[PDB]
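**Student:** turn this into a model:
(chains A and B, ligands or ions: 2)
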Amino acid sequence: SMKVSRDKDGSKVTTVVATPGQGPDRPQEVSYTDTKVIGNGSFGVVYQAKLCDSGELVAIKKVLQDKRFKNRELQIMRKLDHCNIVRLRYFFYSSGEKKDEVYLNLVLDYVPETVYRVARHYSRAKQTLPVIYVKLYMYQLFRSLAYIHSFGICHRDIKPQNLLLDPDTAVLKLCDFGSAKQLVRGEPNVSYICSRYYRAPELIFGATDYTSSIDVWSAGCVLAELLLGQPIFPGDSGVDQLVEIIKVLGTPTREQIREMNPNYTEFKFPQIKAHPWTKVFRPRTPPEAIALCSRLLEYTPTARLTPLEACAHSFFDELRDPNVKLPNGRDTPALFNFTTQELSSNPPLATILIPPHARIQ
Amino acid sequence: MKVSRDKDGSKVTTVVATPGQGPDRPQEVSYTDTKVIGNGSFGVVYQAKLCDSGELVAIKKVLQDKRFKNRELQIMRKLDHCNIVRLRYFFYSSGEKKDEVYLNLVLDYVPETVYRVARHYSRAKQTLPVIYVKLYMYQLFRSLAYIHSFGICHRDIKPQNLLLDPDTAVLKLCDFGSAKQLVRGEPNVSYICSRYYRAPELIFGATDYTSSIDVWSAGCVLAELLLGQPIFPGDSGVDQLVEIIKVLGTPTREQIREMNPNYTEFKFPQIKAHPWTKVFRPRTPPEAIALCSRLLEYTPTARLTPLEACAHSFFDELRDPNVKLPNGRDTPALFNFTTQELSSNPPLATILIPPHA
Ligand SMILES: O=C(NCCCCN1CCN(c2cccc(Cl)c2Cl)CC1)n1c(=O)[nH]c2ccc(-c3cccnc3)cc21
Ligand SMILES: O=C(NCCCCN1CCN(c2cccc(Cl)c2Cl)CC1)n1c(=O)[nH]c2ccc(-c3cccnc3)cc21
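**Tutor:** Residues are numbered from 1 along each chain as shown, chains lettered A, B, ... in the order given. Ligands and ions are numbered 1, 2, ... in the order given. Here you go:
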């Protein structure tokens, strides 16, 4: 149930009773106004709303609630709490008119800009994002990936559209968990998740025994795109993307084929040697960034870096410099305030992750 | 290849090329005015003018694997159809050092494609006249009925692969880099076919699919020409399935077993079947809506064969003896069927070939 009303200046206000996203189930009286639609598609409509009291802007994801099972995104969103993940403030159920169908509303943090929109503005002006921002956005994504992977939850849809950016604070928050799912060894999963360009080779080969490493490949496809100004593995068909992968990574050996999809889909590829990774990017592309891309874009899924090992890479050493700042003057966002839940994949990696200056009493 | 010029400063290339059809008899062919008309993945496709007849030709220059012969070349030499681009000659050449051998496919030049025309009416916010939808869909179905008679599946039907001669209204199928003979028992890769036009069994990851995936891709083109935009869009396979469930409704458990028998272990929301007539514009012809409902079916076997599509009531205006092109010309070749074409259903010749043929 929701109560529609107006203010005393004629502005219209919706008042619902929602459950906090985290903490005890103590229902709340939330009132929002200025409801604009900010894009839809497949799952439903995502609105933007202004809270009546604090004046904060928020997003509302309105999807149709299956009366069978509870919504999977809601259950994963309620388990998460990370600074680089969009926060679920409240959630409530409602309807439209009749339909006799139940809609689930997800009240989440509003973030003005996305990685996809930032990378385009630079691409449309024939320019590249400053590397300091490439380091910051990739590191924060790798931090969020290490957090959800510690729960076995794979995002299964890492694309620049799903990475939100506050341009003032350079804070990146991973969003859209409608494709996320806990991956248990031995259980099969669908091979048609993840958007194009950023699908892992084992996903193109239709494997159902993939791990959380498919997020690492998609993250490497984001880093390579921000460095190249365009997608590194483009293509309309799965055949088209695999050609561009062999163009850079080289022809996968029969062992690398077995490690991706052991089914061996029975296809013979053209033999092309390994494109020297340095020749792929611009001249002044940092060498450590080229090294990180090759360590993330590997055929063998087990050979790719874990999200925690990616954060400790030498490419992010500048973000650990104690004098590092944003170009606009402010400090960097929280980068070293990990949790024990976060280091659980490799606690000894904290020696590199938290740098000498962050351990000062 | 012997590069040379003329006497007016034009530059002329002369190679020794084997005709695609007929017997192997390398010819001394010469062409000029070579321009790049697109590339991506396979290689660059050029355009040139034959030095004799002045005929425009398209040259597909891919790289040749020294192991196996090119599958696209062996398929090109077997095909000869009025609605398929013709491989006139083919020859090998290099490019600097590399030590790598390229294969050049001299194909017919056709100025327009279905994509460039359909993208354009949509930009002007107008729909393609149904007469051109009938002419283009029928010629595509005739080409699929031909290649399916040899068991060859195109596996990449999209408007960008449907060439168009705007004067003669002739449609020609091109790009067979994903073509392959589908034999029962042997599996096939599931990552062929472009987005928007992939069959449902392809997105589920099936390897036991048939040539009916071309019929689904054909149905996705017909619905696009009636709507003015892709009917099943989406950046992911999950997003494409949703747009399919919105239209076709939730597939039953028997339909899932016929698509991908593996059952990829997913639960989908239960949405009722969107009435097909409420998907298109109001004045959309009913026989076009009925034809779409018989092409975009979940179970691959329940989709119309490319021959049974040519006999549909939607194409009845094409068999009227007084039909003409909007520009005044006559309709191109539509009824000169061969025994190879009608092998999938010979009794369909009573409907396919009208009295005045
Ligand atoms: O996008 C946000 N801010 C950008 C300002 C509006 C301009 N955008 C342009 C880009 N666009 C977009 C991008 C990709 C897919 C889709 Cl379907 C859309 Cl519509 C969103 C609107 N979000 C925000 O501030 N909190 C959020 C919480 C959840 C989601 C989300 C995103 C995707 C799926 N599910 C939930 C998004 C936001
Ligand atoms: O394309 C043809 N004519 C249209 C020319 C101009 C019309 N537009 C011009 C621009 N173009 C374009 C733009 C960007 C990229 C690409 Cl790739 C393209 Cl095509 C779209 C059409 N072809 C023709 O006449 N005989 C052929 C034989 C084989 C093939 C072929 C093509 C690809 C793969 N395999 C076979 C193509 C033709």
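
**Student:** any idea how chain A splits into domains?
**Tutor:** A:40-48+A:56-110, A:113-359 (automatic domain parsing).

**Student:** which parts of chain A are strands?
**Tutor:** Here chain A has its strands, by DSSP state E, at A:2-5, A:13-20, A:28-37, A:44-51, A:57-65, A:88-94, A:102-109, A:113-114, A:153-154, A:163-166, A:171-174, A:181-182.

**Student:** out of those, which gets nearest to ligand 2?
**Tutor:** Among the strands of chain A, the nearest to ligand 2 by C-beta to the nearest ligand atom is strand A:113-114 (28.1 Å). C-beta: built from backbone N, CA, C; applies to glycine.

**Student:** does any bit of the closest one sit next to chain B?
**Tutor:** No - between strand A:113-114 and chain B, judged by C-beta under 8 Å from any C-beta of the partner chain, nothing touches; the nearest distance is 14.2 Å.

**Student:** what helices or strands is that strand leaning on?
**Tutor:** strand A:163-166 (3 or more C-beta pairs under 8 Å, 6 or more residues apart in numbering or on different chains; DSSP states H and E).

**Student:** for the strand it packs on, which outside residues touch it?
**Tutor:** The contact list for strand A:163-166, computed with C-beta atoms under 8 Å, 6 or more residues apart in numbering or on different chains, reads A:86, A:111-116, A:118, A:137, A:141, A:171-175, A:222.

**Student:** of those residues, keep whichever come out buried.
**Tutor:** Neighbour counting with 16 or more other C-beta atoms under 10 Å in any protein chain shown marks A:86, A:111, A:114-116, A:118, A:137, A:141, A:171-175, A:222 as buried within the contacts of strand A:163-166.

**Student:** reformat those as CSV; add distance to residue A:244.
**Tutor:** Formatted as CSV, the buried ones among the contacts of strand A:163-166 follow (distance: C-beta to C-beta, whole Å):
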residue, distance to residue A:244
A:86, 31
A:111, 31
A:114, 24
A:115, 21
A:116, 20
A:118, 24
A:137, 23
A:141, 22
A:171, 32
A:172, 26
A:173, 30
A:174, 26
A:175, 27
A:222, 16
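
**Student:** who in the stretch 1-150 of chain A is up against ligand 1?
**Tutor:** Residues of the stretch 1-150 of chain A lying close to ligand 1 by C-beta under 6 Å from any ligand atom are A:38-39, A:41, A:46, A:59, A:61, A:86, A:108-112, A:114.

**Student:** quick one: contacts for whatever residue of chain A ends up closest to ligand 1?
**Tutor:** As assessed by C-beta to the nearest ligand atom, ligand 1 sits closest to residue A:39 within chain A, at 2.1 Å. Shown in contact with residue A:39 (C-beta under 8 Å, 6+ apart): A:45-46.

**Student:** and for residue A:211, the neighbour number?
**Tutor:** The tally of other residues near residue A:211 (other C-beta atoms under 10 Å in any protein chain shown) stands at 18.

**Student:** before we move on, what about the one 10 residues further on?
**Tutor:** When neighbours are defined as other C-beta under 10 Å, residue A:221 has 24 of them.

**Student:** what residues does chain A put near chain B?
**Tutor:** So chain A meets chain B at A:41-43, A:64, A:66, A:68-69, A:157, A:159, A:179, A:187-196, A:204-206, A:208, A:235-240, A:242-244, A:265-268, A:270-271 (C-beta under 8 Å from any C-beta).

**Student:** mind checking which of those residues are buried?
**Tutor:** Buried among the residues of chain A next to chain B (16+ other C-beta under 10 Å): A:42-43, A:64, A:66, A:157, A:159, A:179, A:189-196, A:204-206, A:208, A:235-240, A:242-244, A:265.

**Student:** from the residues you listed, which land in helices?
**Tutor:** Among these, the members found in helices (DSSP state H) are A:204, A:238-240, A:242-244.

**Student:** what's the closest of the residues you listed to ligand 2?
**Tutor:** The nearest member of those to ligand 2, counting by C-beta to the nearest ligand atom, is residue A:240 at 10.8 Å.

**Student:** spatially nearest residue to that closest one (excluding sequence neighbours)?
**Tutor:** Of all residues not flanking residue A:240 in the chain, residue B:41 sits nearest, at 5.1 Å (C-beta to C-beta, 6 or more residues apart in numbering or on different chains).

**Student:** the stretch 201-350 of chain A: helices as residue ranges?
**Tutor:** Using DSSP state H, counting those that start in this stretch, the helices of the stretch 201-350 of chain A run over A:201-204, A:213-228, A:238-249, A:254-260, A:277-280, A:287-296, A:307-311, A:340-343, A:350-353.

**Student:** so residue A:61 touches residue A:49, yeah?
**Tutor:** No - using C-beta atoms under 8 Å, residue A:61 is not in contact with residue A:49, being 11.4 Å away.

**Student:** what sits against the residue in the stretch 101-250 of chain A that ligand 2 sits nearest to?
**Tutor:** Nearest residue of the stretch 101-250 of chain A to ligand 2 (C-beta to the nearest ligand atom) works out as residue A:236 at 10.3 Å. Applying C-beta under 8 Å, 6+ apart, we find residue A:236 in contact with B:158, B:194-195.

**Student:** what's the closest of those to chain A?
**Tutor:** residue B:194 (4.2 Å; C-beta to the nearest C-beta).

**Student:** how about that closest one: which residues does it bridge to?
**Tutor:** residue A:237 (DSSP bridges).

**Student:** ok, how many other residues are close to residue A:7?
**Tutor:** Residues near residue A:7, counting by other C-beta under 10 Å, number 11.

**Student:** repeat that for the one 3 residues further on.
**Tutor:** Neighbour count for residue A:10, taken as other C-beta under 10 Å: 6.

**Student:** next up, the contacts around whichever residue of the stretch 201-350 of chain A sits closest to chain B.
**Tutor:** Residue nearest to chain B within the stretch 201-350 of chain A: residue A:238 (2.7 Å; C-beta to the nearest C-beta). Contact analysis of residue A:238 by C-beta under 8 Å, 6+ apart lists A:204, B:189-192.

**Student:** residues near residue A:110, how many?
**Tutor:** Residue A:110 has 18 nearby residues by other C-beta under 10 Å.

**Student:** contacting residues for it?
**Tutor:** Shown in contact with residue A:110 (C-beta under 8 Å, 6+ apart): A:48, A:56-59.

**Student:** show the buried residues in those residues.
**Tutor:** Among those, the ones that count as buried by 16+ other C-beta under 10 Å are A:48, A:57-59.

**Student:** tell me the buried residues in stretch A:313-325?
**Tutor:** Across stretch A:313-325, burial judged by 16+ other C-beta under 10 Å covers A:313, A:315-316, A:318-320, A:324.

**Student:** is it true that residue A:37 touches residue A:59?
**Tutor:** No - using C-beta under 8 Å, residue A:37 is not in contact with residue A:59; the gap is 10.8 Å.

**Student:** can you list residues touching both of these two?
**Tutor:** Common neighbours of residue A:37 and residue A:59 (C-beta under 8 Å, 6+ apart) are A:46-48.

**Student:** quick check: residue A:330 touching residue A:168?
**Tutor:** Yes - counting by C-beta under 8 Å, residue A:330 does reach residue A:168; the two are 7.5 Å apart.

**Student:** right, I'll call it a day here.
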